[PDB]
Each structure stands twice: as C-alpha cells, then as structure tokens.
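Trainee:
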Amino acid sequence: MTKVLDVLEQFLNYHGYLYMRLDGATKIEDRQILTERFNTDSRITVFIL
DNA sequence: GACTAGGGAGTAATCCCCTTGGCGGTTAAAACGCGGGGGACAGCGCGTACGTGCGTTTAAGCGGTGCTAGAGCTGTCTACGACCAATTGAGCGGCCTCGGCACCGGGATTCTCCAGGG
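For the first sequence, full-length UniProt numbering assigns the number 1271 to the initial residue and increments by one for each residue that follows.
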C-alpha cells in the first residue's frame, strides 16, 4: 500500500535514519539514478520499494 | 393378471464463465505562474455634416359623386375517394467479405523572425 510508505517515512525521520524510496509515481530517469546511487555508497541505510 | 425392462424428466452435483468491489501504475489533459509586450483607452482638435430657424410651393386629406366588374351565396350533379382482402413482390432482418478509410512517415514546399547593415 502506498499509504504505508509515508507512514514509514515519518517513522524513519523520527529515528534519524538515512533512507530512500521507490514507487510507481517516480520518473524513470529519477528511478534509474536512485537505484544507481543506492547500489554504490553506504551511508544510506534502508530502501523502501 | 404379476411383475420386468428401458429412457426422458425430476432432482441434483460440476463446471465454469461472469462479474461486484477495491487498489496500484502510468500517460494525457488540465492547472498554475512569469516576462513582456501589444491591445485598450484617455486627452484632444477639428471640420464639416448635419441640427435648426424661416421663406415658398406640391400634395394627402378633404368633400362629394357616378357608376362597374369582381366577390358571396343559391341549386345541382357526377367524378371520385374511403369502405373489405389475394396477392406477391419491393424490401427489410441477419451474415461475409476485401476495400477505402485511419493515420503516420520522408520529403518538397512553404510561412515566419531577426539582427544587423544597406
């Protein structure tokens, strides 16, 4: 459920976690750069899809 | 006359196709905002084309007339139209194409803007 994602988001911001998201309302190029950035790097902790 | 055999309907189980709602993904149309510029409109001047006063006539209303050819109603008949159905064919109800329409691409053609010099 998409309504769950933001429910997680304000939760994740409550714990000071570094995270990002990917759902069906994201532009294709933004989606590709997001997954490319997540493949590298290590500070970003959780990816919610 | 007593009981026997078989099949479509009565009862019933199988299938299974058909949809009710909700929810997510994704493209297209609608929604919103800015730079700038062209359309709206004021201020004005004028001239010349009507707005208006008065003289001097033709003309509709006036007042009447003597009828004259077209309009309304009186018979009267008779050519014709609204009354059954057999028909039987003119035409519609349902299906099966291939062709013109749908629509997009490569190109020639054409319509428009600018910053300069000419």
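The beta-carbon is built from N, C-alpha and C at its ideal position, and this holds for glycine as well.
For the alpha helix (DSSP H) holding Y1289, just list the boundary residues, first then last.
Mentor: No alpha helix (DSSP H) holds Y1289; the beta strand (DSSP E) holding it covers 1289-1291.
Trainee: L1288 to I1298, Cα distance in whole Å?
Mentor: Cα to Cα, the separation comes out at about 22 Å.
Trainee: DSSP on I1314, reduced to helix/strand/coil?
Mentor: Three-state result, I1314: coil.
Trainee: Given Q1280, which residues of its chain have a CB within under 8 Å of its CB, disregarding the five upstream and five downstream residues?
Mentor: There are no such residues.
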